[PDB]
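Chains as they are written, first to last, in the deposited numbering: chain C, 75 to 288; chain B, 71 to 288; chain A, 72 to 288.
Right, one structure below, let's go through it.
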Amino acid sequence: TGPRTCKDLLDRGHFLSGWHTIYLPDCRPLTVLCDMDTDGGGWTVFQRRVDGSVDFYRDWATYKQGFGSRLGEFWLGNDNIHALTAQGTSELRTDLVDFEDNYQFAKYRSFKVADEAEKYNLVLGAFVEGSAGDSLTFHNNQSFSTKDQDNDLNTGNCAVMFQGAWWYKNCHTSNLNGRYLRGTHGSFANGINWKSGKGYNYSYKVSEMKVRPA
Amino acid sequence: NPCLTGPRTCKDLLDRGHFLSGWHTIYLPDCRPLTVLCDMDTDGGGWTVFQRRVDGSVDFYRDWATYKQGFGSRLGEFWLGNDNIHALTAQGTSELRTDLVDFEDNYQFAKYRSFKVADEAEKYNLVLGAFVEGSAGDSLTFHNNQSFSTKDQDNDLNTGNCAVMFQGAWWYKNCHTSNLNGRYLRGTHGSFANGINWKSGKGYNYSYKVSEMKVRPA
Amino acid sequence: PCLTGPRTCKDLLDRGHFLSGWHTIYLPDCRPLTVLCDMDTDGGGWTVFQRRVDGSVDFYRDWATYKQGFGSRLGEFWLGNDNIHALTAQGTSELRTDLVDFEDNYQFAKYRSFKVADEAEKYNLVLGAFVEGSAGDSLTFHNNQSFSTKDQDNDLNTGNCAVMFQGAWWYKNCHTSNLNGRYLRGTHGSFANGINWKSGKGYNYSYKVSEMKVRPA
Ligand SMILES: *[C@@H]1O[C@H](CO)[C@@H](O[C@@H]2O[C@H](CO)[C@@H](O)[C@H](O)[C@H]2NC(C)=O)[C@H](O)[C@H]1NC(C)=O
Ligand SMILES: CC(=O)N[C@@H]1[C@@H](O)[C@H](O)[C@@H](CO)O[C@H]1O
Ligand SMILES: OC[C@H]1O[C@H](O)[C@H](O)[C@@H](O)[C@H]1O
Ligand SMILES: OC[C@H]1O[C@H](O)[C@H](O)[C@@H](O)[C@H]1O
Ligand SMILES: [Ca+2]
Ligand SMILES: [Ca+2]
Ligand SMILES: [Ca+2]
């Protein structure tokens, strides 16, 4: 019955990025990171990597509730991301920065995750544009997986083989919750990787995933 | 009714016992709430920080409308916004402090007895009081009584465009001895005077690690 | 003991604040204080009262500064001796100390009990048994000892350890740890005047990160 999105806050004159309280579909308050600069601002950031201070190789219960720090890296929580994206349409933007401070991005028409009972299934709309290329449409219609809850399409455990948590199939083309392996790495596809961007052997300095009413 | 009971400046906050720097809501003269960064640590504390550079994560080469409303992040770097800075300095007398740190941990500062920014109709004209003291030396008096300029709105006193030439936004004259909204060029640069430069401090070829501009009632 | 709102960061965690960051708690008879909650480390629910991370803040401060606290929520701070006593008195608050080096290697110590008494009583450190910690014990030595600053010599050394080692601490024969020391950025030739944990990295290495925190045992 007040601000429901970061877009609402932007329209009310909140021009600086930072943490604000919004009110979810059910009226539950949630303190979220608003990106008010990028691409018109008004984005609610649900994932952020910047320096490798936080361990992202976490189990189901931890990804469900969210983890990390307001002062740095975090995953907002799958329950929260479902609430955020349940009804209406949120467009997704992915922002990626390499160690030479070059920026890439990918933008999708719509994005949402189902509730826990449906394994926080990815529901993704068309790739609109992005200098990072499209490395997420591959994962469309897939259950989320973590090390202790394998819902993927591999005989082995993708979350373990690539040290992350994602909507793994057999196995991935993106892996943003992968290990903070600074820049080029010999090890295959176990960093913060975006196949169509810098490839399976380059772990980004910065990663942000964010949503805005479409 | 929290406008009448709420703090109106960072100094009110310090007086109420907030001893750590951090973002707090204050109430502007027209009762509009604004979340600002208070500096409680430096020089007696109670300063409202309106510009901060720290790591080059935010692009400061922005247009008139963006400087007007403010941009950046409470997580790090930002410009509070010219409308806000006018609102903060329109009434009474605010002193100004500039804190600068180089990449070798050398701290420098400059202090001015008063600092006032006019409204948009006057293009955010700078009215600067006397230089008080400072190891950074005085690189702002030169800019007294100049309109603010951005790349897309040239209000400087140069035949060309200072904001474009020096890749920032400032109360440019013809053109500058300070350029704190310049590019984050990380230490010494070969390019001329287009970084976070304070001439009397580290010169036209050295871009500071940290910049903060802040005001306090005096 | 507040029953109207959150008393500790532990309370906040059990209420569903799962991200670390600055929150408001209600101290014991029942004043508000905005504190840094660490919700990830060792199960979460830690209230952080010291933090070093980048050397932006001068920790070589006098008695009155350490009393009321200083620093910034954006980085380095000391919560204030008055706040720390109000927070820990009794209690049985678990003390934890987190330490990180310049190649991102993690160490950290834990203690079963922690409190400082009020100003009258020199904010004496009262420490319970060391429990565990890959950093080793460099705080027990300092048990039952006055806090000292540059303008308040309360150690057992003929000189002033605070000036000699450039900080503030529960110095005695001097120190075995110096977390409020100078941010000397890794290895240093100057002796023991840095953010040092003798059992961890000794008197010649200044840590990159250092956090002292508490949670109800
Ligand atoms: C600020 O600068 C303006 C120019 O933009 C100054 O205006 C001039 O002031 C002188 C007297 O000092 C007059 O003789 C001129 O005719 C004025 N010119 C214009 C264009 O108005 C103004 O005086 C300055 N104000 C201060 C406080 O220094
Ligand atoms: C609606 C439909 O029949 N299409 C497919 C369905 O067959 C499949 O079971 C599901 C998950 O794989 O993804 C749907 O898009
Ligand atoms: O430009 C300001 C900057 O602030 C924070 O770092 C946000 O996470 C970024 O997306 C950006 O908004
Ligand atoms: O002052 C208004 C005017 O300012 C500059 O020229 C900018 O390009 C716009 O903000 C424009 O409308
Ligand atoms: Ca499998
Ligand atoms: Ca011009
Ligand atoms: Ca002595």
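Every residue, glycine too, gets a C-beta built ideally from N, C-alpha and C.
- Listed along chain B are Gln139, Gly140, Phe141 and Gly151, each with a C-beta nearer than 8 Å to that of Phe89(C).
- Under the rule that a run must span 4 or more residues, no alpha helix (DSSP H) segment is found entirely inside the segment 162-199 of chain A.
- A distance of 8 Å or more separates the beta carbons of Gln223(A) and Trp149(A).
- Per the C-alpha coordinates, the member of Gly76(C), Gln121(C), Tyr137(C) and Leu210(C) positioned closest to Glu282(C) is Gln121(C).
- For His94(B), the enclosing beta strand (DSSP E) starts and ends at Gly92 to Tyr97.
- Note that the C-beta distance between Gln178(B) and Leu166(B) is not below 8 Å.
- The CB of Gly76(C) never comes closer than 9 Å to any CB in chain B; the least such distance is about 14 Å.
- Scanning the segment 206-282 of chain A from its first residue to its last, no whole beta strand (DSSP E) run of 3-plus residues comes out.
- Excluding the 5 residues flanking it on each side, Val202(B) has same chain C-beta neighbours closer than 7 Å at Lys181, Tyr182 and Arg183, in chain order.
- Taking 8 Å as the upper bound for CB-CB distance, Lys81(B) and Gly116(B) are in contact here, some 4 Å apart.
- Among the residues facing chain B, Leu83(A) is not included, as its CB has no counterpart in that chain under 8 Å away.
- Of the residues assessed, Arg102(B) falls on the exposed side of the cut-off, its CB having fewer than 16 other CB atoms within 10 angstroms.
- Comparing C-alpha distances from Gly87(A) to each of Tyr97(A), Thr105(A), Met110(A) and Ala191(A) shows the shortest one belongs to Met110(A).
- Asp175: these are the residues of the segment 165-180 of chain A whose beta carbon lies less than 8 Å from some beta carbon of chain C, given in chain order.
- Bounds of the beta strand (DSSP E) holding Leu104(B) are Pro103 to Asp109.
- With its beta carbon at least 8 Å from every one in chain B, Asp125(C) lies outside the interface.
- In this structure, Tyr276(C) keeps its C-beta atom at 8 Å or more from the C-beta atom of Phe262(C).
- Excluding sequence positions up to five before and after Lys193(B), its CB lies within less than 7 Å of the CB of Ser217, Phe218 and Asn225, all in the same chain and listed in chain order.
- DSSP places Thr79(C) outside any beta strand (DSSP E), giving it a letter other than H or E.
- Interface residue (Cβ-Cβ distance to chain B less than 8 Å): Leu210(A) is not classified as such.
- In this structure, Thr247(B) places its C-beta atom within 8 Å of the C-beta atom of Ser209(B).
- Straight through space, the alpha carbons of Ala233(B) and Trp240(B) are spaced by roughly 7 Å.
- Between the alpha carbons of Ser91(C) and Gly114(C) lies a distance of about 12 Å.
- Its Cα nearest to that of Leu250(A), the residue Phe236(A) stands out among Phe236(A), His259(A) and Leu98(A).
- With a cutoff of 8 Å on beta-carbon distance, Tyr254(C) and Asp172(C) are scored as not near each other.
- The three-state secondary structure of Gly142(A), taken from DSSP, is strand.
- Remark: C-beta atoms of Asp125(C) and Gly146(C) approach each other more closely than 8 Å.
- Sequence-distant Cβ neighbours of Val106(A) in its own chain, meaning closer than 6 Å and more than five residues away, are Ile96 and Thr118.
- Residues of chain A with a Cβ closer than 7 Å to the Cβ of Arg144(C) are, in chain order, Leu90, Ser91 and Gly92.
- C-alpha of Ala200(B) to C-alpha of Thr211(B): approximately 8 Å in a straight line.
- For the segment 213-234 of chain C, the set of residues with a beta-carbon nearer than 7 Å to any beta-carbon of chain A is empty.
- Boundaries of the beta strand (DSSP E) around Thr118(A): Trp117 to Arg123.
- By the Cβ-count criterion, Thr258(A) is exposed, with fewer than 16 other Cβ atoms from all chains shown falling within 10 Å of its own Cβ.
- For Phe148(C), the neighbours in chain A by C-beta distance under 7 Å run, in chain order, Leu90.
- DSSP places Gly114(C) in the helix class (H, G or I) of the three-state scheme.
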